[PDB]
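For reference, start17.tsv (TSV, C-alpha atoms and all ligand atoms):
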```
chain	number	residue	atom	x	y	z
A	894	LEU	CA	167.58	302.41	-40.01
A	895	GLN	CA	164.40	303.88	-41.53
A	896	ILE	CA	162.98	302.51	-44.83
A	897	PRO	CA	159.60	303.16	-46.60
A	898	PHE	CA	157.12	300.42	-45.62
A	899	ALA	CA	156.31	299.48	-49.25
A	900	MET	CA	160.08	298.86	-49.82
A	901	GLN	CA	160.39	296.82	-46.60
A	902	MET	CA	157.53	294.67	-47.92
A	903	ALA	CA	159.27	294.31	-51.31
A	904	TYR	CA	162.39	293.00	-49.45
A	905	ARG	CA	160.20	290.56	-47.42
A	906	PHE	CA	158.68	289.30	-50.73
A	907	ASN	CA	162.20	289.04	-52.23
A	908	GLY	CA	163.17	286.99	-49.11
A	909	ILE	CA	160.53	284.24	-49.88
A	910	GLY	CA	161.75	283.98	-53.53
A	911	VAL	CA	158.99	286.17	-55.11
A	912	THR	CA	160.49	288.93	-57.29
A	913	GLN	CA	160.19	292.58	-56.03
A	914	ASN	CA	158.01	293.78	-58.94
A	915	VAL	CA	155.22	291.37	-57.83
A	916	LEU	CA	154.68	293.67	-54.82
A	917	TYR	CA	154.96	297.09	-56.51
A	918	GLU	CA	152.60	295.97	-59.34
A	919	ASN	CA	150.05	294.45	-56.87
A	920	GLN	CA	150.59	296.92	-53.97
A	921	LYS	CA	146.89	297.97	-53.72
A	922	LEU	CA	145.70	294.31	-53.75
A	923	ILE	CA	148.31	293.37	-51.10
A	924	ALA	CA	147.39	296.36	-48.89
A	925	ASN	CA	143.64	295.51	-49.19
A	926	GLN	CA	144.24	291.78	-48.46
A	927	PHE	CA	146.32	292.78	-45.38
A	928	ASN	CA	143.85	295.41	-44.05
A	929	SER	CA	140.94	292.95	-44.56
A	930	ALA	CA	142.85	290.03	-42.94
A	931	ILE	CA	143.51	292.13	-39.77
A	932	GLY	CA	139.78	293.07	-39.68
A	933	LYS	CA	138.97	289.31	-39.40
A	934	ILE	CA	141.30	289.01	-36.33
A	935	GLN	CA	139.57	291.96	-34.63
A	936	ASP	CA	136.14	290.39	-35.39
A	937	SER	CA	137.26	286.84	-34.35
A	938	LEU	CA	138.61	287.93	-30.93
A	939	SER	CA	135.57	290.25	-30.47
A	940	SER	CA	133.13	287.42	-31.40
A	941	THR	CA	134.42	284.67	-29.00
A	942	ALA	CA	136.78	284.17	-26.02
A	943	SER	CA	137.67	280.52	-26.94
B	1092	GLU	CA	170.06	293.09	-55.61
B	1093	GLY	CA	170.45	296.25	-53.50
B	1094	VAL	CA	168.41	299.50	-53.51
B	1095	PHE	CA	168.20	302.81	-55.45
B	1096	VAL	CA	169.58	305.88	-53.68
B	1097	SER	CA	170.35	309.59	-54.26
B	1098	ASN	CA	171.71	312.69	-52.45
B	1099	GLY	CA	169.68	315.20	-54.54
B	1100	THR	CA	171.56	315.17	-57.92
B	1101	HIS	CA	172.43	311.57	-59.03
B	1102	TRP	CA	170.77	308.14	-58.74
B	1103	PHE	CA	172.93	305.15	-57.73
B	1104	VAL	CA	172.30	301.51	-56.73
B	1105	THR	CA	173.83	300.17	-53.45
B	1106	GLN	CA	173.88	296.85	-51.58
B	1107	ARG	CA	171.52	297.10	-48.54
B	1108	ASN	CA	173.92	296.72	-45.52
B	1109	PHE	CA	176.97	298.90	-46.48
B	1110	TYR	CA	177.02	302.03	-48.69
B	1111	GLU	CA	178.62	301.07	-52.05
B	1112	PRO	CA	177.19	303.33	-54.82
B	1113	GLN	CA	177.27	302.04	-58.42
B	1114	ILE	CA	176.08	303.56	-61.73
B	1115	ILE	CA	172.59	302.28	-62.64
B	1116	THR	CA	172.88	299.90	-65.64
B	1117	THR	CA	171.10	297.12	-67.57
B	1118	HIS	CA	173.42	294.72	-65.61
B	1119	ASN	CA	172.42	296.05	-62.13
B	1120	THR	CA	168.64	296.17	-62.98
B	1121	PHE	CA	165.77	294.11	-64.48
B	1122	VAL	CA	162.66	295.38	-66.35
B	1123	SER	CA	159.00	294.67	-65.62
B	1124	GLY	CA	156.37	296.45	-67.75
B	1125	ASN	CA	155.50	300.16	-68.11
B	1126	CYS	CA	155.93	303.19	-65.80
B	1127	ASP	CA	152.20	303.81	-65.10
B	1128	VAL	CA	151.62	300.95	-62.56
B	1129	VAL	CA	154.34	301.55	-59.89
B	1130	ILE	CA	153.66	303.99	-56.99
B	1131	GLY	CA	156.62	306.39	-56.34
B	1132	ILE	CA	158.70	305.50	-59.48
B	1133	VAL	CA	161.24	308.22	-60.57
B	1134	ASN	CA	162.74	309.35	-63.91
B	1135	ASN	CA	166.50	308.73	-64.42
B	1136	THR	CA	168.86	307.47	-67.18
B	1137	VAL	CA	169.90	303.78	-67.11
B	1138	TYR	CA	173.32	303.21	-68.75
B	1139	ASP	CA	173.99	300.41	-71.31
B	1140	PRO	CA	177.71	299.42	-71.66
B	1141	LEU	CA	177.05	297.80	-75.09
B	1142	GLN	CA	176.33	301.15	-76.82
B	1143	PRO	CA	179.92	302.58	-76.49
B	1144	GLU	CA	181.21	299.11	-77.56
B	1145	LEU	CA	179.12	299.42	-80.79
B	1146	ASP	CA	180.34	303.07	-81.20
B	1147	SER	CA	184.08	302.23	-80.73
C	1	LIG	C1	175.39	314.01	-54.59
C	1	LIG	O1	175.68	315.42	-54.72
C	1	LIG	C2	177.01	315.73	-55.29
C	1	LIG	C3	176.98	317.20	-55.72
C	1	LIG	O2	175.94	317.39	-56.70
C	1	LIG	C4	177.36	314.80	-56.48
C	1	LIG	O3	178.75	314.96	-56.82
C	1	LIG	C5	177.16	313.31	-56.16
C	1	LIG	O4	177.53	312.55	-57.34
C	1	LIG	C6	175.69	313.06	-55.78
C	1	LIG	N1	175.47	311.66	-55.45
C	1	LIG	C7	174.23	311.20	-55.32
C	1	LIG	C8	174.08	309.78	-54.76
C	1	LIG	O5	173.25	311.90	-55.58
C	2	LIG	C1	155.09	311.02	-50.35
C	2	LIG	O1	154.63	312.06	-49.42
C	2	LIG	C2	154.38	313.38	-50.04
C	2	LIG	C3	153.98	314.38	-48.95
C	2	LIG	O2	155.08	314.58	-48.05
C	2	LIG	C4	153.29	313.20	-51.11
C	2	LIG	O3	153.06	314.45	-51.79
C	2	LIG	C5	153.74	312.17	-52.17
C	2	LIG	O4	152.68	312.01	-53.14
C	2	LIG	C6	154.08	310.83	-51.50
C	2	LIG	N1	154.63	309.90	-52.50
C	2	LIG	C7	154.44	308.59	-52.43
C	2	LIG	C8	155.22	307.74	-53.44
C	2	LIG	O5	153.70	308.08	-51.59
C	3	LIG	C1	158.82	311.39	-66.32
C	3	LIG	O1	159.11	311.53	-67.75
C	3	LIG	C2	157.93	311.64	-68.65
C	3	LIG	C3	158.44	311.81	-70.08
C	3	LIG	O2	159.50	312.79	-70.11
C	3	LIG	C4	157.04	312.80	-68.17
C	3	LIG	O3	155.81	312.81	-68.93
C	3	LIG	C5	156.66	312.64	-66.69
C	3	LIG	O4	155.85	313.78	-66.28
C	3	LIG	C6	157.93	312.54	-65.82
C	3	LIG	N1	157.55	312.33	-64.42
C	3	LIG	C7	158.25	312.86	-63.41
C	3	LIG	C8	157.80	312.44	-62.00
C	3	LIG	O5	159.19	313.62	-63.60
```

Would it be possible to restate this file's structure as structure tokens?
Amino acid sequence: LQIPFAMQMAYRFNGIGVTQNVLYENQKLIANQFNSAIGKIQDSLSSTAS
Amino acid sequence: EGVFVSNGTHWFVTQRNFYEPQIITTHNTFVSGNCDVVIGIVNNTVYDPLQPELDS
């Protein structure tokens, strides 16, 4: 069943007991923290095999 | 709890897993701050069942 990704993330916040408005008010911060955190995976696995 | 929904003329609130449309009210919804912060927010009336009780 399709749903907009920002609303799926608001439900996944509401699942950990953080109220939905915390995501919609901080959506740019959360998107930037996520995009940056995936960049560190890409750089970690690129940097070393271990 | 639930999600906001429309079919191109009215806005309703439903539970997530089975279509059950309700009028949008101060009982079905909570406030947080002003309009200008939320991406994709829409303009609709929210009903308040106290106001007809004060009018009657
Ligand atoms: C959908 O469209 C019909 C015709 O305008 C209307 O009667 C109905 O209340 C609307 N419901 C929603 C969810 O928009
Ligand atoms: C949704 O997509 C349309 C283009 O199809 C765009 O004009 C609109 O600004 C977008 N709205 C949101 C809330 O992202
Ligand atoms: C919502 O309502 C306000 C006040 O009537 C208006 O300034 C604004 O342009 C409206 N926005 C939309 C998306 O209709």

- Message: Between atom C1 of ligand LIG 1 (chain C) and atom CA of residue B:1100, what distance in Å does the model show, to one decimal?
- Response: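 Between atom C1 of ligand LIG 1 (chain C) and atom CA of residue B:1100 the gap is 5.2 Å.
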
- Item | Protein and nucleic acid residues within 9 Å of ligand LIG 3 (chain C) (all atoms listed in the file) as a VMD selection string | chain B and resid 1126 1131 to 1135

- Task: Find the residues near stretch 923-938 of chain A: any atom within 12 Å, counting all atoms listed in the file, skip ones fewer than 6 places away on the same chain, and give them as a VMD selection string.
- Result: chain A and resid 898 to 899 902 to 903 906 915 to 917

- Compute the chain A side of the contact with chain B at 9 Å, counting all atoms listed in the file, and hand it back as a count of residues only. 5

- Item | Separation of atom CA of residue B:1095 from atom CA of residue B:1138, in Å and rounded to one decimal | 14.3 Å

Around all listed atoms of stretch 914-932 of chain A, padded 8 Å per side, what centre and edge lengths does the axis-aligned box have in Å to one decimal, as lines of an AutoDock Vina configuration file?
```
center_x = 148.9
center_y = 294.0
center_z = -49.5
size_x = 34.2
size_y = 23.9
size_z = 35.7
```

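Distances here use all atoms listed in the file; by that measure, the residue among A:907, A:912, A:897, A:942 closest to ligand LIG 2 (chain C) is A:897.
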
- Task: Report as a ChimeraX atom specification which protein, DNA and RNA residues come within 8 Å of ligand LIG 1 (chain C), using only C-alpha atoms and all ligand atoms.
- Result: /B:1096-1103,1112

Restricting it to C-alpha atoms, dump the selection as a short mmCIF file (atom, residue, chain, number, x, y, z; two decimals), keeping the file's coordinate frame.
```cif
data_model
loop_
_atom_site.label_atom_id
_atom_site.label_comp_id
_atom_site.auth_asym_id
_atom_site.auth_seq_id
_atom_site.Cartn_x
_atom_site.Cartn_y
_atom_site.Cartn_z
CA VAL B 1096 169.58 305.88 -53.68
CA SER B 1097 170.35 309.59 -54.26
CA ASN B 1098 171.71 312.69 -52.45
CA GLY B 1099 169.68 315.20 -54.54
CA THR B 1100 171.56 315.17 -57.92
CA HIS B 1101 172.43 311.57 -59.03
CA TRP B 1102 170.77 308.14 -58.74
CA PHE B 1103 172.93 305.15 -57.73
CA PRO B 1112 177.19 303.33 -54.82
#
```

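Proximity ranking of A:900, A:941, A:905, A:910 relative to ligand LIG 2 (chain C) places A:900 first, based on all atoms listed in the file.
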
- Item | Straight-line distance linking atom CA of residue A:908 with atom CA of residue B:1107, stated in Å to one decimal | 13.1 Å
